[PDB]
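We give structure tokens for two forms of one protein chain below, kept apart as structure 1 and structure 2.
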Structure 1
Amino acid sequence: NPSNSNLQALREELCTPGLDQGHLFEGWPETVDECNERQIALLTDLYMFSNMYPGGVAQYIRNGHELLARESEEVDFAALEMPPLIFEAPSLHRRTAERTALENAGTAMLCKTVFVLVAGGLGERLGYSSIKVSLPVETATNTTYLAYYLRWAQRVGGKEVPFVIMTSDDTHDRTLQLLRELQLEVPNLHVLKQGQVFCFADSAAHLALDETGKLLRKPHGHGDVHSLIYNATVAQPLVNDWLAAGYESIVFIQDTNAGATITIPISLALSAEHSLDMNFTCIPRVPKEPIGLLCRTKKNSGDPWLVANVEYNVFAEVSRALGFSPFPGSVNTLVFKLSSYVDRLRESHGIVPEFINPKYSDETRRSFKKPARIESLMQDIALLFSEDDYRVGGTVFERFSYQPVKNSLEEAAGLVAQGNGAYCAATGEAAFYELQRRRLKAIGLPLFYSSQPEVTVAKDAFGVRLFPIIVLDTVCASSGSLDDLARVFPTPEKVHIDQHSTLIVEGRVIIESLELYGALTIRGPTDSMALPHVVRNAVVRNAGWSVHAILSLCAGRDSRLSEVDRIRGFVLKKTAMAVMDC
């Protein structure tokens, strides 16, 4: 592709007024041949950018100028208002006729759903040096987010479920390694790697270089997922392949919110009941939260309305131009009617509106503290869905079903002091255990237990509780619907799990009657279709498990403490354990 002639032309083009990238060729020979490998390689990098980005590096620069101008002003809409199509989901912890009806319809729809996991983001802000999807959902079983999503999708959509994972340079190799180590076998998985974009050293959009003198690169945002899907093939486009196989929905999830497996079925059912082409997953928002709001927008006067996510800072500002909050918070679990999604994809080529958000070094000088780059957000695909021919709404769920692992222990302490959500590894794990319990009680399991915390973390800033710990695998519990849970416990009044107990269940298991004071693993057939291992009149007493806090005083020569332990601030002591197999 890279003719020496085209590379000179592009070099010429980039030095023209309005592009002005002369500072890249300081001290260079007049023509390409006279250039060395190191320089000829920089030109090549610039050139090849064309097949990563529409219009290549020249268009990228121009887009930068336009965005740098745009973002010096006040993003102001002419009109802002409650989205018309908002729907309240019933509680996840009450087995009402509605909830049953919605879980049943949504669970059937799961058979015809494409799943998309965005997992290109860095996990350091947490102070976790591995990929986020390798974090455990809980440390009782240590099941990773990656396994958790994939096993659930294969359970509800069958082994051949279509699944996409977006990775980036940061997470990609480690993602393939984790798939391999978990012995996950997902025949229709596509791993699509997002490419990095160039960075701007300054307000005039001059490209930045790193230490080795190479074009500096940063991520373009989770927005990339649409174009990556648009371009992927199986000579046939991926999406054509989905449509032709009968798939009817597509859902996008983020990398560490276990709540998605509970909200999705309900969202699907409501997308169907209310004919939604795009359905944002929401929770009631607290005025301070670092979370976007679902709004009905009108950019400039007389413009059509658009239902889109918008950030708070923008919301305060725009309100100035002209119960938690009238407006819902979008958690970025996005549920689409597939045909509608494909239409918008084909027409846009998966390209969505962009922005830039430079972090300056001053409130004063237009000087960047660090190079900026153009970004995009995957939810902004909503902008391409006009109110004329598409129905875009949101479903509001209980805040509790939103359980991301976003913050370090130190961030969470500060957040909690300001009255906000910690959303850290400790409260992620705790919320997961609590979620199982609330669900199981909803079908009549009699769980009595203290609301008091059992360990404190973050230098005594706040506490969590973990027990009783009850974890059912996807063979055991299937989709996790209330009905599916009731098949595991068909006579729940005879199952007595004490507040300090641990119950781990794997495989085809039915528990009719049990008294548990301690820790127990019950294993049944790994085959979903095999004859179940049935437990009746079991009585199990042992020392069980405990949890304790990681003490300030940490050794680093002979400790088996990992980052996984440290980011939550406690460890489970797995002191004893009864096993029932067969």
Structure 2
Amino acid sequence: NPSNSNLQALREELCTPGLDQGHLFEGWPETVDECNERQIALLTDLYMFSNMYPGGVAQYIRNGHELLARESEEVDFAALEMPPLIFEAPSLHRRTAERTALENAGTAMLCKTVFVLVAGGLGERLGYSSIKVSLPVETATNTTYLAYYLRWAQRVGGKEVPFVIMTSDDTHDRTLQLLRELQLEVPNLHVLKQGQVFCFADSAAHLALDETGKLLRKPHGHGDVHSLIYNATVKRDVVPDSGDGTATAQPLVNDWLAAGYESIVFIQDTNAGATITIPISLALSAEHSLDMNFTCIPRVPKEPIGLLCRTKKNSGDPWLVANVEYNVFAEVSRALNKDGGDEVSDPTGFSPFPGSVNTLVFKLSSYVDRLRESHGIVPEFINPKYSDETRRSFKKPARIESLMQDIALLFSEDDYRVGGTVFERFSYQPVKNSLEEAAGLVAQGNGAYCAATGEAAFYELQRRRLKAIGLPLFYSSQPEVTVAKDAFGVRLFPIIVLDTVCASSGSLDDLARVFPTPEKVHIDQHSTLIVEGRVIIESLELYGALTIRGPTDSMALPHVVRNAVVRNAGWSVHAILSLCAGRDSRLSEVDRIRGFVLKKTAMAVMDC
């Protein structure tokens, strides 16, 4: 694509005042025709940046200057108050008429929903050297986060459900390999790989080089997902169009709208609670006519989650409903008095504003409109890490970032209704922290959000949902294992995991289909129940571990369990001892990041 003539022109352009990238060509020959292979490759990297990044590398540097200047100024909002459109979600463990009505409405709307999963991030800070969607939701079945989301989506939207996964250079190949290994068949899955962007070595936006003399690249944030969707195409065969030419440029958003889809949902890589909040969020988006709906929890004052606020940046700006990231809120909170009056704390102990967990629910028509106007471009920022409190130095090269929730400020209050739904904190179950930082956080009285608490919260979630339909689970709240040098404990048992064929959407009505007479099902607090396929359990007495397998097709007739009595040694859990020699150690990173291992001593199986 790039000729040698254009390569010299870009080189000269980047050496002009305001760009000042002469350090990249130190000791280079005057003409392009005299250049080595590596030099040609650098100019090619730079020239092809125009293709991937708006306006190319020249515009990237100019944006850097604008953002670096803005980052040097103390942030200030003209006005900051509660968003007008806030709706309290009912409890996930109470089968009220409201809960039943909202679940059944949202489950119908799931048939007309597009699903988007952002999975470009590493989180090596976890102590996990692989991709986060390969993490197990729980080690009882070892079901990955990738398989969890995909199987729920196919169950609620059918096998042909439209699904997008955003990957990065760090996660793409491993994501494709995991899809192949799980033998997942998703005909309308689109994997879109975000590109990394150049880095700034200093506050003057001088482009950074690595150890081998090539331009350092770093992530542009989860904001890239909108532009990737805007530029994505699909062919036209069984779709409304059926041309005899493969040169089809139908936008993926056009096929979705043409097929009858009315909603789009964005989720993150390690939050299993999204399958619980999404149906309620869709029902309330329809009842209250919300174009964009932020999923929120009550926030503790120092949580690393954003806040949903009604904002005005400057005195003349119209009201905007947008997310304010935790860092910005801290800077604003810590400030001299004589500025507004919405900072006083709440009696309970929660932030004045709802905390955004970044499960984003959109009306598809409104989303497409703003996507087409903006080309998926969202406002950017930069947050360099300086070496000393005096700044004027970068400990590590900085890069421009973007947030996928920052698409909310393209939604004017004049044309669009933007609101938030507030759920229980228990419904937010991310795996973000390693055991070390989880020990540090718990000492301050904060949430661990580690692999141990993520797995434990998943088992507790199943038990709360099942007790909501009348299953009589009597178990202690006392922990069964301590992790991170006895800093905190979790409990796991009783373990009850139902697959998507058994539990269907996970609605309380769907769960009542598995236990039609729950008063005659008695699962001891130390037991383990794994149910796969089309199973109905009418009466059971379980003291130990039991797997029940039914037909793998939902339309098949169901295996019905009656008057079963199963007793065995079952399972246990024990901590990974500090004196872990590691000689002939089957302990993997998966075990080590949660601090315990399940011992699967006995297991009964009911087949057919």
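For clarity, a rigid core is taken as the largest C-alpha set superposing within 1.5 Å between two forms. Here, a residue number simply tells you its place in the sequence of structure 1, counted from 1.
Here the rigid core is superposed between structures 1 and 2, and of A204, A417, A244, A316 the C-alpha of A316 is the only one to shift by 2 Å or more.
Relative to the superposed core, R557 moves its CA by 2.8 Å between structures 1 and 2. Core-based superposition between structures 1 and 2 puts the Cα shift at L466 at 0.1 Å.
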